[PDB]
Amino acid sequence: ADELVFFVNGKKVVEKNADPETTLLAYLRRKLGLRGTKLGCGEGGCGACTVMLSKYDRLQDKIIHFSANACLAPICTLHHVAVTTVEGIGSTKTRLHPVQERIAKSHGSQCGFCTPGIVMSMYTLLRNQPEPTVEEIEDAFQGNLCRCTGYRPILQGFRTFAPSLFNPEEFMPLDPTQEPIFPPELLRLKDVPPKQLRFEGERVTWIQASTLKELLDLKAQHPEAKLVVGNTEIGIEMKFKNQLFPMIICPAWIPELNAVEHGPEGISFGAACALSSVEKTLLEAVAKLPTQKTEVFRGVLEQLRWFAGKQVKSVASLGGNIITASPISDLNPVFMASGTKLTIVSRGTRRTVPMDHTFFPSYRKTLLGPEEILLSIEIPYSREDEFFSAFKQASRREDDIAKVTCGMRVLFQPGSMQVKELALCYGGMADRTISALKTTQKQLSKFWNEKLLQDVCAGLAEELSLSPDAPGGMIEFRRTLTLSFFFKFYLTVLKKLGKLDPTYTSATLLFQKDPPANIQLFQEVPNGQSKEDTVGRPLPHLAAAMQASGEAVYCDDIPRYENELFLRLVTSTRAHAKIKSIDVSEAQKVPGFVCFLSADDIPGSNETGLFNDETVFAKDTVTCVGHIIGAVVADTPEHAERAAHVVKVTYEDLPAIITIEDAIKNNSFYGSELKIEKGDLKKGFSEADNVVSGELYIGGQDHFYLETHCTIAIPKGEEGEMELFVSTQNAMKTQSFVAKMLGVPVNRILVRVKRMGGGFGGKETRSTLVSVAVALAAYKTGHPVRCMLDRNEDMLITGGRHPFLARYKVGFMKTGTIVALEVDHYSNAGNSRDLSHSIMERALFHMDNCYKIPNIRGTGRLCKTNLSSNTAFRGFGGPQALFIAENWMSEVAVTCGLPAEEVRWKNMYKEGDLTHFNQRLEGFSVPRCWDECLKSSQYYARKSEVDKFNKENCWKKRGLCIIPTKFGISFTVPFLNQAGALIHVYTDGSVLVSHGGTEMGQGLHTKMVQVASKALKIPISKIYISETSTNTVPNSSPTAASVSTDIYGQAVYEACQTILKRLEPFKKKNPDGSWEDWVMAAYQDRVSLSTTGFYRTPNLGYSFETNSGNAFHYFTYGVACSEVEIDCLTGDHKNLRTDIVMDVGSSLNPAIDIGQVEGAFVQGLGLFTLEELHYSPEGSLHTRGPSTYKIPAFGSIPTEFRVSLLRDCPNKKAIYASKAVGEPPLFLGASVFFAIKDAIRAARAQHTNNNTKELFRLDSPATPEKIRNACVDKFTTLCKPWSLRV
Amino acid sequence: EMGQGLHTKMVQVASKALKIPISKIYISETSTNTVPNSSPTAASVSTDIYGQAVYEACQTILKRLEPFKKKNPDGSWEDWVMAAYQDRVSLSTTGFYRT
Amino acid sequence: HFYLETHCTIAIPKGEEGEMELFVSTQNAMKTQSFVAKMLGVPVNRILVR
Amino acid sequence: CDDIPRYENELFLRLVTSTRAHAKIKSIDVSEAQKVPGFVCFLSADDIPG
Ligand SMILES: Cc1cc2nc3c(=O)[nH]c(=O)nc-3n(C[C@H](O)[C@H](O)[C@H](O)COP(=O)(O)OP(=O)(O)OC[C@H]3O[C@@H](n4cnc5c(N)ncnc54)[C@H](O)[C@@H]3O)c2cc1C
Ligand SMILES: Nc1nc2c(c(=O)[nH]1)N[C@H]1C(S)=C(S)[C@@H](COP(=O)(O)O)O[C@H]1N2
Ligand SMILES: O=C(O)c1ccccc1O
Ligand code: MOS
Ligand code: MOS
Ligand code: FES
Ligand code: FES
Ligand SMILES: [Ca+2]
C-alpha cells in the first residue's frame, strides 16, 4: 500500500497503513487525539462532525474551502487535502476565533455538543465569503442540528457578520489576513501529476484512480468494484445495511469526471462533480440566460435547495445520486422528465442516451452494464413553448427524505396551449423513479384546460396506485401529493402561458423566506447593584467558550486507557418471545473479540430498574425489540459491533401487546387507576347548555440529546471499587444500580459527571441500561471499558416521551363557561414501570391548565406493553395533559361561536382560587402575562389581517392562537425535594463548590457560581465548579423537575452563610483587609474552611386519596401567541411569528432563562408539529436516525421570535426571588399547533363544507401528512355498496 | 496511608463511635476535593487529630439519626438511615479538630 | 528514607480552565496542590490531588 | 501510583539534573537528545507559565 498524506490544522499526517473503512471522524478522535469534532448520528444529518476541507483545484487553479461531515468522509478520499477542525481556528488557551467568541457571548451554546459543528459551518462560510448576507448565514446550517437553544441566539449572534443580552460592539472584528495559510507543502505537491494509489485495510482494498484510462481498465478487470466519490450512500450502506464491498475504486481525481462544458443543447457536468458545484454553475446560468432557456435548470435548483445541507452537497456527486437509483432520489425525477443526457463509457465503448422511464428497470438498478461508468450528464436548456416544475414534500422542509418528489415537463405546439409532449415523473410512489406514461399519453394533442386537469388527476389517481401495505405508509397523503403537485404545475403553466384568479396565484409561488426579526425583553438590575453581584445579569454559560473551542470534555472525549476495551449491546429483535438459545460461535471469530456477557455473568443481582421490575440482561424471555440480552466486549468499537451483529439468538414468539388499544383490550396495566375528582359531575352536566365528547391522541418523542448515552467504567481491583464517568442526570441511582448488580456496598462505587451534551429527562434513569452493562464488563475483565451508543441504538433502547390517548367529555354554557369535565388518560408505558406513575400524576395535576372547572374528574392508567420503557422527557406528563385541555377548550370556543381568547379568558383562574387538587394559586401571574402578550403581539390587529389573508388566498391559509400555561414546581414525590452542597475555600482564597446537581446545558453550575459569588460577596472569578460526584455530595436526587436551581441554590447559599460566619471574627479584626487576608487568618487560627449546605423544600405533601396537601411549592407561568401559514396543497407550513411572555420571577440570569424559554418552546414545537416515531405493527421502531426523525431545524423556528420576561414579579418562594424555568415553557409550543388548527379550519371552510361549528379531530403531531389530509378538497376526495338503508 | 495503618485506625474509630461493624465502613483515598487545607501526614499525630475529626463527624450523624432511632428503637441501622433519607435529613457531614 | 516505593506522580491535564488531576505518592496533598497551582499560575481550586 | 494503568496517550518524564555541586549553567544542548526515538521535548525554566 501507498502512504496516505494529508494535513490537519496545518500539520502533516503520513498514514502508512490507511484502512479504506476508516472515517475522518474516527481518525481525528482516535488517532490524532482531536476530540472537538463529535459523533452525533453517523448518518450525515446532525452536523456535529462538521469540519472544513481545503484543496488546490487543478481545474480552477485556485484553493477551495468547503465543509464536510467527518462521519462519512473516508480518510482515503483525503490524499493531499487540508483538514481544519474546531481546534484549528482558535482556543481558550490561545485566542478564540471571532466565530467562537460570538456564538459563546451571544448565548448560542447551551449543552455545547453541537457547537463545534456549527462553528465549522459558519467558519467555512466566512472563508468563502467574509461578508455574507443573512440568507447565506441561515443556509450555512441546513445540515446542523441543535436540541437546546431553539437556534435564535446562534443566528442572531452570527448576523453580526453580515437591556441587551449581548453587546456586538465588544466583538473582535474578523480579519481574513490572520487566517491559517494553506499548507505550503501541499501547494508544492500540486506540481506533481497524480499517480494511482492503493490502500489495504482489514477487509477492503481501495484504489484511487488518477486517469480515465485507469478507471476503465480497473472496471474491466473488476466489474464488481464499487465506485465511491462522496461516500454519502456507500457509507450508509456499510454502516447501517451490513454491506461489505471488498474493492472500492475512487475516481474523484479524474479530469473528465469533473469537467463542466457549456454546449449548444445544455450544460454538461462530469459525473464526479459535487452537487454544490452543479448548484453554483446553474445559479450562474439562471442569472445570465433568458428565463425561457432555464426552466429545467430552475427545477434542478429548486430540488437542490432542499437536498441535504452544505456538508453533504459539497461532497455528494451527481453520478452518485443517479446511479444509487433510490426510489426517493430528488434529482432522478427531474433528469427523467427533462430527458437529461447521460454519457456512459467502458473500456472501448461510449454511448449517450437521454434518461427516460426505462433507465431504471427495477429496485436500485439502472441500465448500465457491469463494466460501465457514468462519465457525464448534460442538463438541457428549455425550448420555446416548454415549461418545467419540480416539487418535493417531506416531513420537514430542510434536510429530509422526500415523501413524494417530482419533475414535470410540458412542450406545446408553437405558440399554442396544445400539448405536444408531457412528462410527469415521480419519486416516492414506487420502488423506483417512475413516469405516469399512461396518464400523460392520453393528453397528447389536448389543450391546457380544466378538462385536462380533471383527466390527468383522475389518471394519476388510477395509475399511481398504492396498496395498503406500501412501504412508508401515508397512502392517502402520498396520493394526494401526486395530484396536488400536478395541480400546482397546471396553474403555474397557465401563468407561464400568459390571468389566474387572484386567490389562486399563491399556489404557483415557490417557497420564500421572510427576513428574521427577534426581540428579547428583560429587566435591568437595580441601579445600585455591585458590578461583582452578577445575580440578575445576562452572564454567558461559564463553559460556552470551551464548548465553542472543542475543549469542553464530554464522556467519550476522556482519553482511553491503554488497556481500555469497548462494549456493544446485543439486543432483542422480537417484541415478545422466549429466548431458546444464544450462539456466539461466529462472534468469537471476529478479530479482537474478548467475550460475550449475559445474565449468568452477573455476580450480584439481575434485578434492576426504579421499581425492580427489570433485568440487567434478559433471562428466559425478551419483552420488547431492543431488550438488552447481553453484550460483546472487544478491542475496538468496530470489532465489538461486528461481533455483536453475528451473535445468533433463537426465539419462540409469545403473544405481544404493542398499542394502548391492545393494552386496554387485554387489561394490561401497571397498577390501579389514578384519579382526581372534585365537585359533582352529574350536577355539572345537567347544568350545561352544551356537551362535547371526543378522543385525542398525542404521539411520543425521542429526546435526541446531541450526545447519546455513554459510560466509562474503571475497575480498581481492590475491594470491589469502581469509578465511573457517566453522561447521566442521576449519579445516585447510577451508583446504587451498579452496586446492586455487582453485589457490593454503595460506598465502593464512585460516579462522576462532568457534563452531558443534553439530557432532557432521558438521562434521569435510562442511562443505567448502559452504565450497568459497562460496569459488569469492567468487573469481569478487570479492564477499563466504555460504551457510547450509536444514535439508532439510543432511539431504539432508551425510551422517550409517553404517547397519550385521552377520552374526554366537557360541559359548558353558551357563554363558553366550563361547568363539567371528565377526562380518562392512557399512557403507553412500555416494558417496565420506571417513572410512568409519577408522569401520570403530573399529567393529572395539569389537566386544568389555567382554567377553573367546578366539577371535574380525571383518571389515568399506565399501559403495560412490549415496547421499550418510556420515561421522563422535559414536561414529564404535563405537556400531554395540557395539550388535551387546550384541545377541548378550542372545541368549546368553536361550538359556542365565540373568539377563542374570550372563552379562555373568562374561564381563567383568578388570584387565590383553588385548583382541582385544592391548592391555592398565590401570585397567579397569568393575567399579566396574558394582557401583556396580547398587547405586545398586537393580537387583535393581526387577527383581522389573518382573516383578510384567508379571504384573498384559496390554497394557503393563516392561523393565529394565544394560549397560557402554568406548571407546578417541585418533585411530586416529597422525599426528592432535598439538596446538598459542599464548599471548600483553599488558602489562596479560591473556592471550589460542589453540589448534587448536574450540568446538561441548562447553565446550572453557572447559576450556582452566580449565587455563591453574591452570597460571599466576592467575584465569580474566585469560584469554580468542576463536576458532580457521589463522594462529594451523596444521596442526590436526579437533576430534574426544573427545581435544581431552587434547591441547590439554597444548599450553596447555606454553605456560604456558614463560611461567612466562620470568617466574621477575622473580618472584624481586620475590616480593611481582603478576602484573601481573612481566609489565611482563619486558616492560621485553625478554623475550618470546609462546610456542607443543605435544603429541604417546606410544606409539601399531596394525597390523591384525600385530594389535599400541597403538591407544589409554587407555579411558573407564561403565555404564547403564534401565527402560521399553511400550504393547503402540500401540508408544509411556515411559523411566521411567535411572542412569548414568561414569568420567571426575578431571573437569576436572563440570558440563560430566555435561552431555556426558547429551547423549551422549540422542543414543544417539535413535539406538536414535526417529530413522529413510526413502529411496525409488530412493535419494531422504523425511525432510528435524523434522516427519518425530524427535530426542529434552523429553518423551523418562528421568523419573528419575541420573548419577554415579566417585570417586577419577585417570587418569595425561591432563591433570590427567582422561578424554575426548565420545563414550564415547553407546552407553549402548542400555540403553533393550535394556530395550525385555526388555519386548517379556514381551509375546510374554503373547500370542505360550510359547517362553521364542525369539530374535526386533529391529533399531535400535526405533521404535513395530518395537515394536508385535513385540508379536504377535490384532490383528497379523488385519492359503492350494493344497497344502503333509507 | 503510608503503611502505618491510619485508615485502619480511623475505620476502627468510626465503627466504635457509630456503634456499627467495621464491615459497613470504608475509606478509599485522600483527596483535596473532599478535605481541603490538610496538614501533611506527619509528626505522629495523625491518629490523634483525624481520629477526633472522624469522631466528631460521627457524633453529628448520630444526632441526626437519633429521632429515627427513638421512633423505631428495635429497628436496624439500615432502617434508621433510610428513614432519615426519606424524611430529607442530610446524611453527609464534616468533622474537625484543633489541638 | 529508602521507602520501598520511590517518588512517583501521574499528572492528568483536562484541557479545561487549567484543571489538572494528579495521583501522587505524597504525605502532603495540600502542598502538592498549591505548589503545582503556583507553578502553573492558576487558582488552587483548579488542582485536584489524590 | 505506578500501578495505575497508563492512558493510551500517556507520556514519560525523566529529570535532567546537575552533575556539579555549584556552577553557572553556560548552555544546554539537546541536539543529541532530539535524535532518540520517541523524544517529545526537553522542558526547562522558560517553559513554566506561572
Ligand atoms: C444526510 C443526507 C441527506 C441526503 N439528502 C438527499 C436528498 O435530499 N435527496 C436525494 O436524492 N439524495 C439525498 N442524499 C443521498 C446522497 O447524498 C446522494 O444519493 C449522493 O448524490 C450520492 O453521491 P455520492 O458521491 O456521495 O455517492 P457514493 O456513496 O460515493 O456512491 C453512490 C453509488 O453511486 C455509484 N457511483 C458513483 N459515481 C459513479 C459513476 N461515475 N458511474 C457509475 N456508478 C457510480 C457507486 O458505486 C455507489 O453505488 C442524502 C445523504 C445523506 C447522507
Ligand atoms: N440545554 C439543556 N436544557 C435543559 C435540559 C437539557 O438537557 N439541556 N433539560 C431540561 C429538563 S428535562 C429539566 S428537568 C431541567 C433540569 O435542570 P434545572 O432543574 O436546573 O432547570 O432543564 C431543562 N433544560
Ligand atoms: O416532576 C416530578 O414530579 C417528578 C417526580 C418524581 C421523579 C421525577 C420527577 O420529575
Ligand atoms: O424533569 Mo426533566 O429531567 S423531564
Ligand atoms: O514527622 Mo514523619 O513524616 S518525619
Ligand atoms: S455525526 Fe456526522 S452528521 Fe451527525
Ligand atoms: S447547545 Fe446545541 S445541542 Fe446542546
Ligand atoms: Ca415506563
# chains A, B, ... in the order shown; residues from 1 in each chain; ligands from 1

$ residues_around --residues "stretch 42-44 of chain C" --least-positions-apart "3" --cutoff "7 Å" --atoms "only C-alpha atoms" --output "ChimeraX atom specification"
/A:986,988,990 /C:18,33-34,37-38,47

$ interface_residues --of "chain D" --to "chain A" --cutoff "7 Å" --atoms "only C-alpha atoms" --output "JSON, numbers by chain"
{"D": [5, 6, 7, 8]}

$ residues_near_ligand --ligand "ligand 1" --cutoff "7 Å" --atoms "only C-alpha atoms and all ligand atoms" --output "MDAnalysis selection string"
chainID A and resid 43:45 226:236 271:272 306:308 312 315:321 323:324 328:331 372:375 399:402 1187

$ interface_residues --of "chain A" --to "chain B" --cutoff "10 Å" --atoms "only C-alpha atoms" --output "ChimeraX atom specification"
/A:718-719,721,745,747-750,974-987,992-994,1026,1031-1035,1083,1085-1097

$ interface_residues --of "chain D" --to "chain C" --cutoff "7 Å" --atoms "only C-alpha atoms" --output "PyMOL selection string"
chain D and resi 1-2+48-50

$ write_last_selection --atoms "C-alpha atoms" --output "JSON list (two decimals), in the first residue's frame"
[["chain", "number", "residue", "atom", "x", "y", "z"],
["D", 1, "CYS", "CA", 0.85, 5.07, 41.93],
["D", 2, "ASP", "CA", 2.72, 3.46, 39.07],
["D", 48, "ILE", "CA", 6.98, 27.46, 33.19],
["D", 49, "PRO", "CA", 3.80, 29.56, 32.69],
["D", 50, "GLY", "CA", 3.46, 30.67, 36.28]]

$ atom_distance --atom1 "atom CA of residue A:92" --atom2 "atom CA of residue A:546"
6.5 Å

$ residues_around --residues "stretch 9-18 of chain A" --least-positions-apart "4" --cutoff "9 Å" --atoms "only C-alpha atoms" --output "ChimeraX atom specification"
/A:1-5,22,75-76,82-85,87-89,180-183,185,199-201

$ interface_residues --of "chain C" --to "chain B" --cutoff "9 Å" --atoms "only C-alpha atoms" --output "compact mmCIF listing (two decimals) with C-alpha atoms, in the first residue's frame"
# COMPACT_ATOMS: atom_id res chain seq x y z
CA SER C 25 2.84 9.21 46.31
CA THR C 26 2.87 12.01 48.92
CA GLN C 27 2.13 12.70 52.62
CA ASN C 28 1.22 16.28 51.68
CA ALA C 29 -1.55 16.63 49.14
CA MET C 30 -2.15 20.23 50.27
CA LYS C 31 1.33 21.49 49.39
CA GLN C 33 -1.77 21.09 45.18
CA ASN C 45 -9.30 25.27 43.12
CA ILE C 47 -5.95 21.35 41.01
CA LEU C 48 -7.07 18.01 42.40
CA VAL C 49 -4.52 15.78 44.19
CA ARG C 50 -5.44 12.21 45.04

$ select_by_dssp --residues "chain C" --states "strand (DSSP E)" --output "PyMOL selection string"
chain C and resi 9-13+20-24+47-49

$ write_last_selection --atoms "N, CA and C atoms" --output "PDB file, in the first residue's frame"
ATOM      1  N   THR C   9       4.625  10.412  40.474  1.00  0.00           N
ATOM      2  CA  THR C   9       3.468  11.265  40.169  1.00  0.00           C
ATOM      3  C   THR C   9       2.942  11.012  38.762  1.00  0.00           C
ATOM      4  N   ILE C  10       1.615  11.028  38.632  1.00  0.00           N
ATOM      5  CA  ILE C  10       0.932  10.946  37.348  1.00  0.00           C
ATOM      6  C   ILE C  10       0.130  12.260  37.327  1.00  0.00           C
ATOM      7  N   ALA C  11       0.255  13.027  36.245  1.00  0.00           N
ATOM      8  CA  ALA C  11      -0.494  14.284  36.106  1.00  0.00           C
ATOM      9  C   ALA C  11      -1.392  14.186  34.884  1.00  0.00           C
ATOM     10  N   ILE C  12      -2.682  14.459  35.083  1.00  0.00           N
ATOM     11  CA  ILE C  12      -3.651  14.386  34.004  1.00  0.00           C
ATOM     12  C   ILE C  12      -4.201  15.781  33.686  1.00  0.00           C
ATOM     13  N   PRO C  13      -3.821  16.357  32.530  1.00  0.00           N
ATOM     14  CA  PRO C  13      -4.336  17.691  32.190  1.00  0.00           C
ATOM     15  C   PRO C  13      -5.725  17.507  31.584  1.00  0.00           C
ATOM     16  N   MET C  20      -6.291  20.202  36.473  1.00  0.00           N
ATOM     17  CA  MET C  20      -5.370  19.078  36.415  1.00  0.00           C
ATOM     18  C   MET C  20      -5.658  18.159  37.593  1.00  0.00           C
ATOM     19  N   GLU C  21      -5.618  16.849  37.343  1.00  0.00           N
ATOM     20  CA  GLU C  21      -5.870  15.856  38.383  1.00  0.00           C
ATOM     21  C   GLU C  21      -4.573  15.069  38.517  1.00  0.00           C
ATOM     22  N   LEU C  22      -4.035  14.997  39.731  1.00  0.00           N
ATOM     23  CA  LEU C  22      -2.771  14.286  39.937  1.00  0.00           C
ATOM     24  C   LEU C  22      -2.903  13.153  40.922  1.00  0.00           C
ATOM     25  N   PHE C  23      -2.213  12.051  40.623  1.00  0.00           N
ATOM     26  CA  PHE C  23      -2.179  10.891  41.504  1.00  0.00           C
ATOM     27  C   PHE C  23      -0.755  10.924  41.985  1.00  0.00           C
ATOM     28  N   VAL C  24      -0.556  10.973  43.299  1.00  0.00           N
ATOM     29  CA  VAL C  24       0.798  11.181  43.801  1.00  0.00           C
ATOM     30  C   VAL C  24       1.132  10.387  45.043  1.00  0.00           C
ATOM     31  N   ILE C  47      -6.835  22.511  40.847  1.00  0.00           N
ATOM     32  CA  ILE C  47      -5.953  21.353  41.015  1.00  0.00           C
ATOM     33  C   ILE C  47      -6.468  20.326  42.005  1.00  0.00           C
ATOM     34  N   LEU C  48      -6.577  19.084  41.543  1.00  0.00           N
ATOM     35  CA  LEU C  48      -7.065  18.009  42.398  1.00  0.00           C
ATOM     36  C   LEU C  48      -5.924  17.019  42.619  1.00  0.00           C
ATOM     37  N   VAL C  49      -5.582  16.751  43.873  1.00  0.00           N
ATOM     38  CA  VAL C  49      -4.517  15.778  44.189  1.00  0.00           C
ATOM     39  C   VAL C  49      -5.166  14.627  44.946  1.00  0.00           C
TER      40      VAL C  49
END

$ select_by_dssp --residues "chain B" --states "alpha helix (DSSP H)" --output "number ranges by chain"
B: 6-18, 46-71, 77-86

$ residues_near_ligand --ligand "ligand 6" --cutoff "10 Å" --atoms "only C-alpha atoms and all ligand atoms" --output "number ranges by chain"
A: 25, 37-51, 68-73, 114, 117, 143-145, 309, 311-312, 706-707, 790-791, 1185-1187

$ residues_near_ligand --ligand "ligand 8" --cutoff "6 Å" --atoms "only C-alpha atoms and all ligand atoms" --output "VMD selection string"
chain A and resid 829 to 830 832 to 836 869 to 871

$ residues_around --residues "residue B:9" --least-positions-apart "3" --cutoff "8 Å" --atoms "only C-alpha atoms" --output "list in words"
residues 5, 6, 12, 13, 47 and 51 of chain B
